[PDB]
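I have placed the structure first, in the form of structure tokens, so that the comments after it can refer back to it.
Because the Cβ atoms are built from the backbone with ideal geometry, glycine has one as well, and the counts that use them run over all protein chains shown. Just so you know, all these numbers are worked out from the coordinates, no wet-lab data involved.
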Amino acid sequence: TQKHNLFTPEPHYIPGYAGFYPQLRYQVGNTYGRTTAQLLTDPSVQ
Amino acid sequence: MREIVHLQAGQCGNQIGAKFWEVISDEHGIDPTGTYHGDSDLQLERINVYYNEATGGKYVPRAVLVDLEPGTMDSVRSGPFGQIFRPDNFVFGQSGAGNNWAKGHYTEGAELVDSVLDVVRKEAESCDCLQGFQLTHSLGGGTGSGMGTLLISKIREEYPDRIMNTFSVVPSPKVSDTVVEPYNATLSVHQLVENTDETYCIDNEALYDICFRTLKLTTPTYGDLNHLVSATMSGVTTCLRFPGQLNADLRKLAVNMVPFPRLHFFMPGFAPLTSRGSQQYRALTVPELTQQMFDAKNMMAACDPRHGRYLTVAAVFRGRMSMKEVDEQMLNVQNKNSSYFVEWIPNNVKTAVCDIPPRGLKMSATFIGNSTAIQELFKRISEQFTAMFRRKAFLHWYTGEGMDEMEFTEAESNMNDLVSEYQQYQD
Amino acid sequence: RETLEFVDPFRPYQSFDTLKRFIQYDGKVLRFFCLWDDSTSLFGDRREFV
Amino acid sequence: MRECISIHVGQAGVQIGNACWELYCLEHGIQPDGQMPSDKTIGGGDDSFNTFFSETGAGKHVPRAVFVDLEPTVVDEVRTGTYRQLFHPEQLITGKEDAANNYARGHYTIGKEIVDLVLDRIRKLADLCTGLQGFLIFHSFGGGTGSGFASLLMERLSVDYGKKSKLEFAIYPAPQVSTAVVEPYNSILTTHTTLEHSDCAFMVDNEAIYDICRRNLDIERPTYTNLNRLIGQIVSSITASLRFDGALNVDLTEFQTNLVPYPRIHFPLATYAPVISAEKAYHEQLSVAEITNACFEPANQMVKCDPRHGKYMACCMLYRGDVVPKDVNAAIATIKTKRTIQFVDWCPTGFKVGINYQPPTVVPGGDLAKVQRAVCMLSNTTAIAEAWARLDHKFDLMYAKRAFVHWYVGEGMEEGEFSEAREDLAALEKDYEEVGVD
Amino acid sequence: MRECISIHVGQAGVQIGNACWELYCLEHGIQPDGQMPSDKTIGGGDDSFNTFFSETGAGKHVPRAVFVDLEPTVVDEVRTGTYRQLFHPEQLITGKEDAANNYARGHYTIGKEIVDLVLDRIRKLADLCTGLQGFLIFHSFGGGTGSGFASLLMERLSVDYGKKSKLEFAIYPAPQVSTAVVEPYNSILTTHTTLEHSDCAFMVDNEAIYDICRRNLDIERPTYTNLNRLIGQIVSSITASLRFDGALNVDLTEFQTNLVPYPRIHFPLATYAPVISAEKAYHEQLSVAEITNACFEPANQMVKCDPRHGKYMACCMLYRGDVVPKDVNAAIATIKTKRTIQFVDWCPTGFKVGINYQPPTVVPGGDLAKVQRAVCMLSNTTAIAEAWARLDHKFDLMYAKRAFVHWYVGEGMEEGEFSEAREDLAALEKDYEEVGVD
Ligand SMILES: Nc1nc2c(ncn2[C@@H]2O[C@H](COP(=O)(O)OP(=O)(O)OP(=O)(O)O)[C@@H](O)[C@H]2O)c(=O)[nH]1
Ligand SMILES: Nc1nc2c(ncn2[C@@H]2O[C@H](COP(=O)(O)OP(=O)(O)OP(=O)(O)O)[C@@H](O)[C@H]2O)c(=O)[nH]1
Ligand SMILES: Nc1nc2c(ncn2[C@@H]2O[C@H](COP(=O)(O)OP(=O)(O)OP(=O)(O)O)[C@@H](O)[C@H]2O)c(=O)[nH]1
């Protein structure tokens, strides 16, 4: 569409959301911060 | 020796005291910091009527400041003389007032009274002998009325031998601001007339008029209003702290001034007001001081006595005069209009002459008068209260506080009694 | 009019805080060595401090 | 000290709090992170900010607000937005379903599991709060959810802490505009449950904001951004007295004690005079006379009622910025000299004045200009009776034809209370009539 | 002087022994190799690390722990861990076989040829040390092997030394999640054998640990690593008085002398208030009032017992970080005033205040935030009888159906002991009721 972006890397994702995020399926890791940090730091597809 | 303790009650009285104290201090030669500068022997001696002495020459006022809104006292402390005031006399509560007189008179004052009584009696024992107390407060402001009524009531039986000089500001006959002002004023004046002996009533409509008449700047502040009123009380207090072949004591004034127990209401008046250019366009001479003093436009407290008549008058001059000019001026006014006064009493004229002219001039004055002219004012408040009471709007708060409308009925009764006795005397 | 600009309020105040500096330099220490002379007193001579 | 607690609920009631707090950050110069410059203002949450923001040693002015919403969309959006770092994370109370515009759904099926959370949060605020003059609730009447949960929450707070005021500010139904037909029903239900617990309720309407925007601001396609900025500056004017000092100070308690004569009838109107465009404000002049004539101008009210159809019994004006008492009293005297505004016989005196020195401030990217002299007017009147007359003589047909009643009864209620509300309203109109009659 | 000995028995407690020692290396900066930074701390072992390590002339701190394990797996794993060079080889006593979850197998068949070795270790440690305040033993009630050898070793140390303290922290069985139906057997046997030898047994519930975790740490799949780290910080808090000093200091001896009202009953409970995440702590304020309120809130307890339905008698209350004792005593007085807590009449004062000005310390890669005010609460109440009621009304059924008794009689045991344990539990229950009823 003709609009903005979201999800700025690492510093991102305060606790509370409902909605999909990439590769949240391997979360043995615990703090929401590190979860989201790895989630964005792994866009490795391309 | 004889000293005075000042009461600075409610938010009005707070800024009134700010201006008043800085005026007295600036005239009397004490710096804002506290380190006096040696200029004047006589002030250096008579400073003890008001200011007590710390070490080094730094002077503590004998004043008690009270309010309920912490920000008010924050601003007062912020003014140029918070450092000349003490935290010791800073006492306050936590709850906002709403300017509800019943609130100020039965619920939170009921516990705020004790501490202020203890502190004031501390200072009263610290000193030697007072003659009384001067109170600065409001009758149209909520907290002032609600608290000061209780305070004056209790101090009356604390010490039955002292003068309750009262200084209460009066709401505008054209805009009362606080819509419950009728109720506040009536309830307050009920105990005023009982406890007080002498009272000065001040209305700011005449202040606005005089701002358009001689102040002539058209862009004024309540600070300027306080300037004028503070100067007036300065003048009434000057005689004590200064030499001269005159009598000074407030009692020497009051026992001369009032004939009957139920006569308490008083009219401040001032002396030469100087405009834009009247400085170098004026000659400060006895006839013109006399004229301006007696002038109706000059009068600024309540309203023109042109409708009514005088009962007593007193005047305090301050300058290098002689007795003959003031006596002949008194005869001149007496025989110019020997009708506007009352044939009951002769010699309705009271005089005092101090020899210590103020700072900046060479002779000055001040005028106080008791005249049958407050009839219109408390008559107005009568119609206000009745026309409200006929449908008891807003009374749910006062009933929830928990009193009866009967008490209101006795208040209006006492008010009408004052009306009736003023009428029945003058006419 | 400087008095009338003195009458122009801002409601001022000042206070203090510790946490940010505390954390910024949390868990670091400088290490330095020194010596005190003692032979002035007729019993002690030397001792070393850190 | 001088602090109050802020509350917002509903799709209706979220962007408004968003904008109001976006205004609240400016005057203290809050960097959108939440940190002051190296200059010195932080402490134990004790300075000009303390009336709104709790800045303990963290160096972050943590707001004293509570946003609650049943639907995750907009709350997640603002959590994605600018100041989510400034906002308290779990404080943002979130649900997974709606009230389906049904008051009774919002009041009996889903509210029962959220009150415990909200009570925990509010009292954990209250413990560290010291003064706590009162609350500041934001909801809606005909809202899809702001009816039922709002009513239940105000019930519980009014029955647990009954020794303090409550200020209700709400968006009144549009008189000849509708967004949902549930609005008559849920509006009257909310009103009849409230009035016996509400203290001072201020109604606003959006059609008049619309008309104003091109009446003098002259942007013909404004938005919610503009609406929210306007109501924001309204609440900023009403909180200025707490924020700073002035010639004379006024307080919410004074509002409570003065503006309302009687219980039941506690429904004032506002008006903000100098809404005007940038170049208009720049190259036009302002003073107390014209701004007061503007505040009493009969076309600028945010309720399409006519004061000269109605009457007047009590008024309160709050002036912000450079003023003097002289011209103020002169202008009010002239207004009394006028003969069109018909004050009742009841109060021959009816004007509550207030002054604050600090001028109102622009917002960056704001449709306003710099102000020097602002005046917010709060008046009580009887003309509003025509609006409730409108609402009842619309509700009559609906309750006659008993439409949509399955929607309510199947989710659990009955009709006795729906009957009862209509004579509650009729009581309101008859009260208006008798008190208005001299 | 002031130094203690640590014991960890059971592949249950191995992770937590590992974790607590990992955390203990941090605050003294003990590099994982065994040496320090370029700084000078090496000597005979009289300085801050003196209470947990004995560092000799080559500068290698010696942990004063004993890791006893029966199944080579976990001991080999930890010995392959990072701190292997730190640890001591035959302080890591390893065995081959298990107890088959059987208390009697672990109490009569295997250990009788291992207690010689473990006693030799403990005695040559005791001879070298001088302070010897006591032992800190970790085992597991829901223990396949952390139960039998635990009982045997505690019996032997009771019968060889009798003038020091014994402190034991044991993971409780879950109220409704049984990882093994051998629990009803082994738990009560261990309990009745220990009652007259154990000093002050403490316990905790891992389900409740998880509950708190996803409550305010907001983590959805936490691990054993977190479960262990938190309790490690707990024991750090309870030995801070040994570690640093403060305004006042308290010790295990005082806990022994003060936290148990009568013989037998020595089952307290624990709570740690500021278990919080990074941004929560970063921009939400902490202070004595709210932290004490949180630690007295019923849901924060790590054992499922409603405080309200039972009765409190004992409280010991230890603050770590900066705090001014004025607010401490003010807050505790306010708690006494608060109605909701229902004290018994026997001890009108029952509080044990303790202060250490040393702040708690974080762990690298950690999931705790930074704290300048924290507290551990260690209290005793009467409600705990519910758990014993639960386990006994399970065991009565399972015994009356004598399920699995073949195992235990075959490995060589009889039923008189079963009875003895049963009516010992019965006696403790009526003792609880007698002490409760005032
Ligand atoms: N000091 C001061 N007083 C003012 C000023 N303007 C008006 N006032 C009057 O002062 C009155 C009362 O002051 P207080 O003695 O403190 O009375 P109160 O019980 O606090 O009641 P209110 O102030 O009226 O709410 C107010 O009612 C005003 O009418 C002003 O500029 N300065
Ligand atoms: N208070 C407020 N009302 C608005 C705003 N914008 C539109 N409205 C009106 O407010 C009403 C919103 O009601 P609802 O949509 O029911 O809000 P709700 O009850 O919280 O629940 P939902 O229907 O699920 O969103 C609409 O009828 C709009 O006409 C706004 O910014 N603030
Ligand atoms: N202390 C601790 N307990 C754990 C851990 N993981 C699971 N548990 C719980 O601890 C108990 C483990 O005890 P047991 O399995 O009997 O251990 P054991 O007696 O030493 O012998 P094994 O059966 O070989 O493990 C179980 O009830 C678990 O519910 C852990 O890492 N540490």
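Taking the criterion of being outside any helix (DSSP H, G or I) and at the interface with chain D (Cβ under 9 Å from one of its Cβ atoms), the residues of the range E:283-299 that qualify are E:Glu284, E:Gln285, E:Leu286, E:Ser287.
Residues to consider are B:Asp161, B:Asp203, B:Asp209; find the one that is within 12 Å of ligand 1 (Cβ to nearest atom) and among the charged types (D, E, K, R). Only one candidate passes the filter, namely B:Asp203.
Of all residues in the range E:124-145, those that are touching a residue at least 40 places away in the same chain (Cβ under 8 Å) have Cβ atoms under 6 Å from Cβ atoms of residues that are away from ligand 3 (no atom under 16 Å from the Cβ) and of a type in the set (S, T, N, Q), 6 or more apart or on another chain, in E:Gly134/E:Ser165. Of all residues in the range E:170-186, those that are surrounded by fewer than 21 Cβ atoms within 10 Å (Cβ to Cβ) and either polar (S, T, N, Q) or away from ligand 3 (no atom under 13 Å from the Cβ) (or both) total 3. Restricting the search to the range D:237-282, which residues are within 11 Å of chain B (Cβ to nearest Cβ), in contact (Cβ under 8 Å) with a residue 40 or more places away in the chain, buried (at least 21 other Cβ atoms within 10 Å of the Cβ) and of a type in the set (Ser, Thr, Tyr)? Once the filter is applied, which keeps residues that are within 11 Å of chain B (Cβ to nearest Cβ), in contact (Cβ under 8 Å) with a residue 40 or more places away in the chain, buried (at least 21 other Cβ atoms within 10 Å of the Cβ) and of a type in the set (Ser, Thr, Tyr), the range D:237-282 yields only D:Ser241. Note on the range D:111-147: among residues that are hydrophobic (A, V, I, L, M, F, W, C), part of a loop (DSSP other than H, G, I, E, B) and within 21 Å of the chain's Cα centre (by Cα), the one that is nearest to ligand 3 (Cβ to nearest atom) is D:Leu132. One residue stands out in the range A:15-28 among those that are within 8 Å of chain E (Cβ to nearest Cβ) and in contact with a helix residue (DSSP H, G or I) (Cβ under 6 Å, 6 or more places away or on another chain): the one that is farthest from D:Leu86 (Cα to Cα), namely A:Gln27.
Which is among the β-branched types (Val, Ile, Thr) and touching a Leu at 6+ places or on another chain (Cβ under 6 Å), of E:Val303, E:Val275, E:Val235?
E:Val303
Please work out which residue is nearest to ligand 1 (Cβ to nearest atom), limiting yourself to the range D:1-35 and to residues that are within 14 Å of chain C (Cβ to nearest Cβ) and part of a loop (DSSP other than H, G, I, E, B). Restricting to residues being within 14 Å of chain C (Cβ to nearest Cβ) and part of a loop (DSSP other than H, G, I, E, B), the top hit is D:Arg2. Among the residues in the range D:162-169, are any surrounded by fewer than 20 Cβ atoms within 10 Å (Cβ to Cβ) and in a helix (DSSP H, G or I)? Scanning the range D:162-169 turns up no residue that is surrounded by fewer than 20 Cβ atoms within 10 Å (Cβ to Cβ) and in a helix (DSSP H, G or I). Among the residues of the range D:136-155, not a single one is of a type outside the set (D, E, K, R), away from chain E (no Cβ under 14 Å) and more than 16 Å from ligand 2 (Cβ to nearest atom). Number of residues in the range B:191-227 that are of a type in the set (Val, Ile, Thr) and either within 16 Å of ligand 2 (Cβ to nearest atom) or away from chain D (no Cβ under 13 Å) (or both) equals 5.
Quick grid of which residues meet (1) in contact with a helix residue (DSSP H, G or I) (Cβ under 6 Å, 6 or more places away or on another chain); (2) within 30 Å of D:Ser241 (Cβ to Cβ); (3) away from chain D (no Cβ under 14 Å):
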| residue | (1), (2), (3) |
| --- | --- |
| C:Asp8 | no, yes, no |
| C:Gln14 | no, yes, no |
| C:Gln24 | no, no, no |
| C:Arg31 | no, no, yes |
| C:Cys34 | no, no, yes |
| C:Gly44 | no, no, yes |
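Within the range D:193-208, the residues that satisfy the criterion of being outside any loop (DSSP other than H, G, I, E, B) and either under 18 Å from D:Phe138 (Cα atoms) or acidic (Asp, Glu) (or both) are D:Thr193, D:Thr194, D:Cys200, D:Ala201, D:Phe202, D:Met203, D:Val204, D:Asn206, D:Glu207.
All of (1) within 14 Å of chain D (Cβ to nearest Cβ); (2) touching a strand residue (DSSP E or B) at 6+ places or on another chain (Cβ under 9 Å); (3) touching a residue at least 40 places away in the same chain (Cβ under 8 Å) hold for B:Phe92 with one exception: (3). Picking from residues in the range D:339-356 that are farther than 15 Å from B:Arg391 by Cβ and of a type in the set (D, E, K, R), the one that is nearest to the other protein chains (Cβ to nearest Cβ) is D:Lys352. Taken over the range D:36-79, the criterion of being within 14 Å of chain C (Cβ to nearest Cβ), in a strand (DSSP E or B) and either of a type in the set (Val, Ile, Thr) or more than 21 Å from D:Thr239 (Cβ to Cβ) (or both) is satisfied by D:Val62 alone. Taking into account only those residues within the range B:249-296 that are assigned to a loop (DSSP other than H, G, I, E, B) and over 26 Å from the mean Cα position of the chain (by Cα), which is farthest from B:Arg162 (Cα to Cα)? Top of the filtered list is B:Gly277.
Look at (1) more than 16 Å from ligand 1 (Cβ to nearest atom); (2) closer than 17 Å to B:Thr237 by Cβ and you find that B:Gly34 fails only one, number (2). For the range B:149-174, residues that are part of a loop (DSSP other than H, G, I, E, B) and touching a strand residue (DSSP E or B) at 6+ places or on another chain (Cβ under 6 Å) total 1. D:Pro325 falls short on exactly one of the conditions (1) within 20 Å of B:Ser176 (Cβ to Cβ); (2) away from chain B (no Cβ under 12 Å), and that condition is (2).
Residue-by-condition table, conditions (1) of a type in the set (D, E, K, R); (2) under 26 Å from B:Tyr36 (Cβ atoms):
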| residue | (1), (2) |
| --- | --- |
| B:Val64 | no, yes |
| B:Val76 | no, yes |
| B:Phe85 | no, yes |
| B:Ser95 | no, no |
| B:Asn99 | no, no |
| B:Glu108 | yes, no |
| B:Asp114 | yes, no |
| B:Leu130 | no, yes |
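If the condition is being out of contact with any strand residue (DSSP E or B) (no Cβ under 8 Å at 6 or more places or on another chain), more than 14 Å from E:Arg64 (Cα to Cα) and surrounded by fewer than 21 Cβ atoms within 10 Å (Cβ to Cβ), then the range E:111-147 contributes E:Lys112, E:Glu113, E:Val115, E:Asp116, E:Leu119, E:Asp120.
The one condition from (1) surrounded by 20 or more Cβ atoms within 10 Å (Cβ to Cβ); (2) more than 15 Å from ligand 3 (Cβ to nearest atom) that E:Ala150 does not meet is (2).
Just so you know, in the range E:80-110 the residues that are assigned to a helix (DSSP H, G or I) and under 23 Å from the mean Cα position of the chain (by Cα) include one that is nearest to ligand 2 (Cβ to nearest atom), and it is E:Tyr83. Listed conditions (1) within 15 Å of ligand 1 (Cβ to nearest atom); (2) facing chain D (nearest Cβ under 10 Å); (3) without any contact (Cβ under 8 Å) to a residue 40 or more places away in the chain are all met by B:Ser168, apart from (2). Residue count for the range E:195-221 satisfying the condition of being among the hydrophobic types (A, V, I, L, M, F, W, C) and away from chain A (no Cβ under 14 Å): 7.
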